[PDB]
Structure formats: structure tokens, C-alpha cells
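All chains are identified by letter, namely A, B, C, D, E and F, in their written order; residue positions are counted from 1 within each chain.
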């Protein structure tokens, strides 16, 4: 959108703006999804006065749009996050994270005897909701864990 | 082509009621009229990364009665291959350039699955992977249950033993819960009760189930008595021996049994089923072991052969 | 040291501006020295152009100052980053990265047999500028390595 | 009869340029039109006195695709036979009265040769003997090099790794130096440089060779990149890890590579070739492993069969 | 003569409250004023039929601190005795003719009870007998609680981890059960819950106790947090990983804790106590291992001197 | 307080020339006038995580000679500690609460440096830490040179055998490198040449050195012949056998040798020093092993007594 305390601040030309990320979850997302790995002008605002929502994180990836699928990968980490598509210095699109069905190579199988650990494979867990508690199922060992357990690693 | 042509057999959840019946239909038909050269010219890999004679010997006999050749190994003692450091992925990748199909047993869950990802066209068949899946054992329990009861729906199936770690009782319940009106009885030690994830699974289906503390309770009700070896290690020697008594089977306990109730057990048994039972019409473990050949043969035939002439 | 006067980027009042970070390093720095694990308002800019080097990274940390020591640890990654200390809306003093005599917590010993690998010990290397390159001698196994090697990849 | 009929395959020096080409000619032709019963009724011994799954599995598959039977063993754990005290000589002498041919792997150099002296008519094929010969691995590298480059003369062949102990790079150089105009590049650690006896051998032939400190140097020049596993044990963990960096291969290092350059590696690889290379057109180890079957099949076919119908 | 003179320390059950006190009372004096020549000229057999280095090095440092000589051995398999023929009774009958006291750890329950029957007049101290007892570990625990809390009565003890198999918690709950007003908090995963026989005894004696789901609920009342190690082998890897995070202590958790609160663990710790906990003043696991030296000297001193004038 | 009081003897690098002298100076007095009750009432942990019988029996005889008690263990695999879970840090944190000093040998470099961080106030003496250091062996060497030559300055030292891996020569070259005017002769097969980092340091300090092809060239100037064992396993059997005869000493070779010349070897010797050499008065390898007893007593004495009045 438009940041201004009193002092002149940037807003990418065309690109995406992942705004409303909760404090401390921002950088993880940058790490996890390896978002920083391009030649694009990324501007990050950490620990910003979200006031109503206290403190938030914020990313702006200029000249880079995210497929709705990529937007869904944020759910477990930042569900209240709003993903804005910007064109011509204006919000042309406003998406919101949604529970995916599968979350690839970002989580680690808590099952220590899971073949997934040594070998060259990407993690892959099938998501499944229950009274709003997310159980996650490893593609390999086929075991089901609670997201609390998996996310801890 | 048949529905399983070239498909990987890894988990029992991957097969539907109609796939089980196809496999069963074939097994029954290969038992009847043998096709000793159906797989002639094929070469199959017996990769027992985790040793297992019962299962290796069974599979291999299945290969030899269909005309197939066999190469392979057992016990990954050192296997400067896989063990020293070759990643399984790389091992399959190389083996898939020699053989036409791969049967494998591994100590880690998901092994057979991962293999699938590095074999290109070569179908891999899971002969056991950690405490996860052992699909062939089940295809064989079902064949036995069908052969003896004449059906896979409407059975009073009792499962005894280590129902909490028993890799086999978990798989048998899932498959049996693909059919209709099966009622389950869960006689097991308190420290070893059926996992909840299986119980919940059943309730959703609306399947009848109940836990029993002793076998005599459900004796005169059961069609199938499925016993499983209670691993002493899982328990304390005092605890074990305390428990034991309420879960071994003698012939006398069977006087109450129906006329068609068969006692099944994946094997090995030792303490859990007394040899006196060996001599009663109800004994079916050994016969059950022999059905493994037909169950496994039907599996290779379908996977390897485009269309099945039965 | 980047000045845009149209699509403007705001400047903080007090804190530290880690300017002239070669591209792709601003994130190592972030992870490595755990610069995000703070409540202070940080602001990051990646791949911002500044012809004097092409593309650069730039990190502003509000109400936080780095010691002479803390600044030196960047010597190995962004030898030329310019750490502009700030107070009252203006640079109250600049500072450049000096190669330290010792580097803790962030490197890994290349020695496979070095005990530092399985233990609750923070690594520590002695630095020694010897003709052409930097030598780093492990505290525990005492094996000396070319820095090029200590940076596995 | 063909030139190899009943001859023993022991060393690569024992075969001439014309023998290699014959083997290659056949391999190429058996790959094309399979003769699954050519060796029907023959019984072959798989004596892996030193275990080796990659090689045993390969040989045996080669036997099974030609109709031959196989008996044999692996790992001389105790073998109250050979190990306890039976002298190899006596072991062959007995085995040569059962089978028609013997494939064997032994930990000591000259084993396969000695065997030759106690087998009467039974042809023995060396599948590895100490740090001396492993001829079959080479027949297979050459097939791969010919299949991919289309020729065995005028290649820019680079050999990387443990060039001082690498039993394979020594054999590949010798064979390749039977053909014309091959230039060699020797990128290897200083502590592990190509033996001098091989270097001198080349100079006499007047063959072009040069050592390189890094692969990037000869990248855009090489047709074949032959990498070998650098045994950590050969070195000190600090020394090793010091060295390492200048000798592992990543995909990015390959951007400079020609269009037809194939990366080969006897296997296992692990640290030396990153899995990213796995996905580039240049990757050829795995394909290379599959060519082992054709290379070995052609070898048995020729040895065992009087005249070869191709 | 003191009460403990020439007596066998086999089970905690066998020791009275007075007894307990006599030992910890002596322990403190030896810790205050050491006697390095009290047990001079004495020889003690350190018999570890089942290797336990940590317990051995302790008992032995204890024995040297009083000027005693030590001879002994570790692991019968590495030993020469009792591997195929000789009994323990013969082994004890013989050793009781050499030494002045016998310390012994043995893989099977009742092993020390049986020794006291062939030791003659030599007193036998139990350093562990299967899943049965471990007197010394408990006296060392009790001495650490008394020393830090100033009392063994009216305490707030939370016990955590594997309460089913942990022989150590069972035994401390019995000893504390001998003192007045104590209250216990048992926090353990259901598969590893405290046995009924302990609860039954706790209820029969009027002692308060209560299961809890997480330390957090109890952190603020508790005086002593006795932690134990849930061995992942006592479970299924998947199962273990789910309950793991519920019984692992971070220094943060310690926040709303009484000043006087101490964290104990028989050790080895692995995951259960996070390393940041070591810096907080509640960590006392290492000072506990340290007090083992004194509890052990007191006993050796009491058992071998008709009178002590400490 | 002497300089070495309460200090950790980890690396030779850490010791000064003064330090060196203080130790060898004390060593000679203990060898002149023994103190069998100096370290009485002390307990020292002899912790051989990596079994080294020869070094252990030595350190231990040293410990008994001063009246100290010893407890300890050999080989962690045979031990109970650090096999799957517990760290060294926990193992040290615990042991530092029993003993008065820790001696330890460990398979990995830096293992003792790390102990000094959890030992608290207990001083740690390094008896070997991987390819890293071995303080004591060097002080024992230096004491033998000083004792026989009368000085550590202006010496003619030839070092022979495996100069690349021999941790012992590296360390002695550093210690001697601290004294003035020494000159070294490095005779070693090229595959086992002295590392560059030593030469670099030798050159930076102004110290003369020079490679030589055979002892013969140097036999007449040299005062001390430090020999080492080229392990045939650090090479290829064939390779080893070719260079063997160039670094093996026969009593004949000793012919044109200075009266004062002594032959040293850390032992075990196997082929390198021929048995006829034992009768010539240059053999001093056994009297060296003997002096290890004194260099070790001095250190234990220095480290545990604020003042010595020898």
C-alpha cells in the first residue's frame, strides 16, 4: 500500500506485496521458501507498527508475482497474511492464504526412521483438517503427525 | 491391460476393493491351473535389504513357478552398497537397468515408495518397509479368509495379540474395512491396544468393533481368529509373563468355536499358539503360509503381464 | 549511501545502517549473526542498485548499535560494507570492517574428525592474514585452513 | 571358432585392440537382438570370494538373460572352504568339475590367474582380483564411450579422482592407449597422482597427456569426463577435506562443457558427483551401469559359444 | 555396633527410615570431614557382571577415598566366569574367600539376594540387579534432596518421563513414601504411566498424588523435579516423536519456579533436559552425581566398622 | 606456586621453552630422588576412550609411583558411556566431581581441548587426541635427548619414516624448533614427506633442514636418529615393498656413527629397526619408553602441588 510516517517510503512498481505477516514469521518465510534468491529488488519491513495488530512483518518482491498455489503455502505460517498483486503502482489483485492439500519440501518428518531423511527427496505431507486441527501425513513413511509436532522442526 | 499392469504395489491403501478382488480372483485361478512359463524370460530382483527367509523364500518360489529368473541378495550386513554410503535412490537407479521388476524389503518406512521414484518403468513391489506396509501378507490373509469363509463381507473377525505394533493387524483391518458389514473384536493387552487412528477410521465408516480382555468371550462368535506374536521385548519379563496367560490359545479354548472358524497367524508363532491346536480342524496358519505362493504369483502375473489369460 | 528522490525510501532516526553489502550476502549476514531476532524495527533492501558495485544489499536496524567487535565479524563476507552509525536523523559516525583476530559461532570446522561437530561447543577460529589469503586455525583440532575452504557450499 | 572361444579373460593387457572391438561389436549386437537361450543348459559359477553386489548382480543378470543357470556364493566370511585352509587351487580344481565356466572375484592379485592353472578346460573370468585387474568394468566403459562418442580413437579423455589407486583409471588408460590419437588429462590430488609406470607406458606410445589441478581447466575440451571415488581412508580427514573442493563436480561447472561430453563413473559415487548433475544431458554413470549387462553378456556368449550368430 | 554393621545392602525396601537417616547423616560428615585411611588394608570386589561405567567409576572413587584396595572386572562376556558353565553361587562362594565386601551389578533380578546366601560373612552391596533394585542410586538421590531442601518430609515432588520402566523413580517413591506429608506429581505419557502397585501403596499409606499433563501445571508448587529418560527404544519412533515435546525441559519453563526448586536426573540425559537449563541455578543433576560419592562412602564405612566416631 | 600448577596439558604448542625446561628439570630429580607419597590421597581418572595399552600402563605406573589412586576404563565401545547418546561434555562434567585430575585419550582431535571446558577446576592431561596432539610422548622424547646429549640446543636431528602422518615427529620438530641452532634431516619416501606447514615454520624461524635419500648420507653428523613406523596400511602393499628397504636400520649402518649418537622410536617397532641394532649402544628406544615414566611423574607432580621442594 502506502507507507508514510512523515518520511518518504518505497512501493514497488509492479510486483507482489506480502503484507500482514505476524512478527518473527517474516524472515522464516524468506528462509523457508528461499524468496531472497533472485536478482529482484526486495524490500523487507520487519517489526512494523501494525498497531491494530501491534507489530507485523512485510515483504515486497518487485517484478515477481506468486501463483495462488505459492500463496497457499503460507497458510501454516501466516494465514491472516494478505498477498497483494501490484501493477502500475496499484493493487490489481488481493489474495488470501488458504489451506493447501500438500505442502512440499519445507517441513521435516518427525519420524526418525523415515527414509526421507537420508535420501535426495523433497518432503511432501498431505494436509487434512479436523475440528480445525491440522494433521499432516508424510508421503513416505505414511505416518500422520500433528502440525504442532512437525512445525517444531 | 489389466488395472495393475505395470503399477507399483506399495501400500494396501493404494488398492481398492476391486483391486483386491482382482488379485484374489487371479490367485484363485493360478492355484487351479498353473502357468509355469507366464514370466519366462523375465529377470526379477529379490532385494532383501532386511533379511527374511519366510518372505524371501515365498516370493522366490512364486517367481520360479511362473518361469521367471531371480537375482538378488539378503541382509545388508555391510553392503558397501547402500549401507557403506550408496543412497538407496542410487541403488535402485542402477538395479532398474538390469531387471524387469523389483521386490524389496527394507528396515525404513517409505523405502519402497522412494524406490518408485528412481526406477523409471520398473515396477517395485513392497515386501515390507519398517513398521509401515507389508501388502503381500495381507493379500494372502484375505485369500485365506475368502477361501475358508467364502466371502470378505459380513465376517466376525477377531484380532488377538500385539495390536498396537502388529504391522499386520493394522493392514488387515484397513482392507477388511473396504468391504461390507465386518464386525471386529479387539482382544489385546492394555499396554498394547489397537491404535486410535485405526479406531477412528472405522467409526467414520460406521464399522462395528469392541475390545475384549480374553478370547473365551468372543469364542463362540468369531469366524476368523487372527493371532499375532506378542514380542517379549516390547514388554518387561515380569509384565509380559503377567499378561501372557490371557492371550495364548490352546485346543480346549476352541471347543466353544463355530464349525468354520479358522485360526490364522502371520508366523512365526511359538508361545501364542500351542501345538495341540496344530491338530484341530481350525488350524490354518500353515495352510495360510502356502496360500502366500498363490497370492504372490497372482501379483507378479498381473503386474508383469499385459492381459491375463484365465 | 543510496539516494532516490522520487520513489523514496525513508531513513531512521537512530540505530545502524549497514550499507554497501555486496548482493546475495545481506541475507547470510541476516541469518548468520541473527540480526532479526530482535523486536526493533529493522528494514532491509536487497539488490538495490548503486553503480559503484552494480547491485547491493542494505540493512537498517533501528535503535541498535554495533560494537567495534560486532562490526569486525563482517570482514569475511562484506569486507567493504560501510557501517554508518546514526543518531538524530544524521550519521553521527562511520566505520569500516576490520579483519578480526578470531571468529566465533558462525563457521564450521572442515575437519570431519574435529570434536566440535557433535558437541555443545561454539566453534572458534583464529584468523591469520598470510600472503594472498586468510588462514583460520580451529580452536579444538588446531588444523589451519584456507578461508575459501571454511566456507563450504 | 571366434578368437575368444574358451579363452580365459583375466587382464586387459591380454586382449588386443581387435579383441576389444569384437567384444564391443557383439555387445552392441546382443543389446539390439537378444538371444535369451544362447547359453541354455550351461551352469555358471558366481564365486564372489570378495563380496560385491553391483558386480555380482550385474554378472548374474547377464547369465539369466542368456539362458544360463547359476550357482555360486559371496563373502568368504569363514568358508571353512578356502578361508579355513582349502587352498584356492584345490577349490577351483573341485569347482571346475561342476560348472562350465567360472566368474570370480578375489581379494588377492593373481587369484584369477592361478585359477586358470587348476581349471583344465573351464574358462575363468576375472570379475576383480585385488588392486590388479577388473577387465569387465573396462569392457563396459569402452562400450559406453563408443556408444556415446561413436569411436575409440581421437578422444579428449579426462580422468579425475584417486588416479593413483584407482584400479579402473589404470585399466581404462591402457585399453584406450591401444587405439589412435587419444589425448589424456590427469586432474588429481598431488598425493594421488597417476602412477609413473602408466605415464612412461604412454610416452613410449607417444600419447598426449597432461596433469591439471582443477576440472574447469579442461572442461570445454573434454569428450569424456571419467570421475573416480576418492577414498577418504587413503587420506587424513583434514587433508581430505582440504583437497576435496578442487575435485567434486557440480552441474554449474558443466555449462562450459561440449554438447557430447558424458560424465562416467564406475560407481559408487557419493560426494564426488552432486545429484544436480544427475539431471543434465551429460550424466552417464547410470546408463553406463546398464551397459554392463551387454558388455558381460557378450563376453560369456563369445567364450561359451563356438561361433556367434549375429 | 551401628545398625548397618556387617549387613547386606540389597533392596531399599529392606531399609528403615532410621537406616536411611543413619546413612545420609554419616554421608554429610564424610562430606564435611573426610577419612582417607578408615578402610585401609581392606580389599573390595567391584564385580560388574553387567557393565555400567558411570556407576562403577563412582563406587570405586568412593572406595579409594576411604583408603580401600579395589579388584574387580566388567562384563562377564568380556570376563571369563559364568559364560557357559559356572554358576554365580560358585563364583561368589569363591570370591568371598578373597575380599572384605562385594559390590556387584548383574543383569538379572535377585542376583544380589542370591549372593548373600553364598558370601558367607562378607557383606554384599547391590549396585543394580536387573529391573529390580539399585539401593545406592536412591540414597544418593535422597541425600541430594535432604541437602538442598533441608528435609525429606513435607515435600512437593514431581516425577517425570518413563514412570513405568524407570526403576529409579519407583524406588525413590518408596523411600520418600517412608517420610511424612510428601505429595507427588506424576507426569508421564500414558504408554509410560506409573504402575498401579505404587499408586496402591501410595493410597494405602495416606499419601497424596496426582497425574498431570505437563510440568507447567505443577512448576510453581514443586520443590524437586525428578526427571527420567524416556528411551525412544521403549517405543515406536513415530510414537516417541509425538509425545517428545511434552516432556523435555527448557530453561524458559523454569520461570515461575520456587527459589529452592532443584532439577534432578539419574543421567545419562540426552534430550529431556535442554542444555540452557545448565546455567540456571535449578540444575542439580551434576551435583547429584557428585553426592553419589558420599552416599557410597557412608555405606562402605557403616558396613565395615563396628563403630564410627565421625 | 610453580607455573604449571593447576594447568591443562593439552598441546605442546601451548608450552613454552621455560615450561619445557621446568618439566624435564623436575623429571630428572624424580628420577634421582623418588617421592612415593607426594600424590597420596589423590585419585586420578585414567580415561582411555580410545584404547592404547602402552600409553596407559605408563601413565598409570607413573601415577602409582607418586602414591596416587587410579580408576578409569579403556575403549568406550567396551565402556558404557558415549556409545549412542551421552556427550563427552556430560561425561566430563560428571567425572570432574569425583577425581583430582583427568587423563584421557580419545579418537578425535580437540577432544581434550573441549574437556577443559567442562572439567571445572580439575586439570586435564592429554594422552592423545586423534591426529592432533600427544604432549607427554614429546616431553618423554625431549627428556631422553637432553639426558643423552646433555642439551636441546645445537643438535643434529635426523627424522625418518612416515613424516606425513607421524603426529610424533611433527610435535618434536615444534618443540625442538623452540631451542636454538638445531638442524634437521628429513628422510622419507615422497608419498610420506614432511608437511609444508612444518617446513614453512622451520624456514620462518631461521632453522636449517634438508631432505635426504638415505640415512647413510647423514649418519655421521647426526646426534639423534628419530625413527618412525611407516604402516604398510598407509600404502599399497606393492608400493610399500619397493620403498621398504630404504628406511629400515641394520646395526651395520650404524658403523660410521658418532659415539654420542642415539636411535629413538616411539614404538611399536616392527620392521624398521632390525633386532641386531639392540645390542649396539645406540639403541635407546627401550630406555626412552623408560623415561616416559619420569616425564609423566613430573607433570602430575607439577600440576597438583603449588610448590615442590625436590
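In this section, a residue touches a chain if its C-beta (ideal position, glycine included) is under 8 Å from a C-beta of that chain, and two chains touch if they have at least 3 such contacts.
In UniProt terms the chains read A, C = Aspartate carbamoyltransferase regulatory chain; B, D, E, F = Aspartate carbamoyltransferase catalytic subunit.
Any chain that touches chain B and also touches chain C is listed here: A, D. Counted by residue number, the contact pairs of C-F are over half the same as those of A-B, the matching pair from A-B, C-D or A-E. For the pairs C-F and A-E, the larger set of C-beta contacts lies at C-F. If you average the CA atoms of chain C and of chain D, the two centres end up 50 Å from each other. Centre to centre, using the average C-alpha position, chain D and chain F are separated by 46 Å. Centroids built from CA atoms put chain B at 42 Å from chain A. Remark: chain D and chain E have CA centroids separated by 61 Å (rounded to whole angstrom). For chain F, residues that reach two or more other chains under the stated contact definition are 131. Counting only residues that touch two or more partner chains, chain A has 111, 113, 120, 141, 143.
Pairwise chain contacts present here: A-B, A-C, A-E, B-D, B-E, C-D, C-F, D-F, E-F [touch as defined].
Listing the residues of chain F that touch chain E in their complex gives 41, 43, 45, 69, 71-73, 78-81, 85-86, 90, 93-95, 97-99. By the touch rule above, chain D contacts chain B in their complex via residues 36, 51-54, 56-58, 60-61, 64-65, 74-75, 267-270, 286-287, 289-290, 293.
Taken in their complex, chain C has these residues touching chain F: 111, 113-116, 118-121, 138-144. Those residues of chain E that touch chain A in the shared complex are 232, 237-238, 241-242, 244-245. Those residues of chain B that touch chain A in the complex are listed here as 11, 13, 87-89, 106-111, 113-114, 117, 129-130, 132-133, 197.
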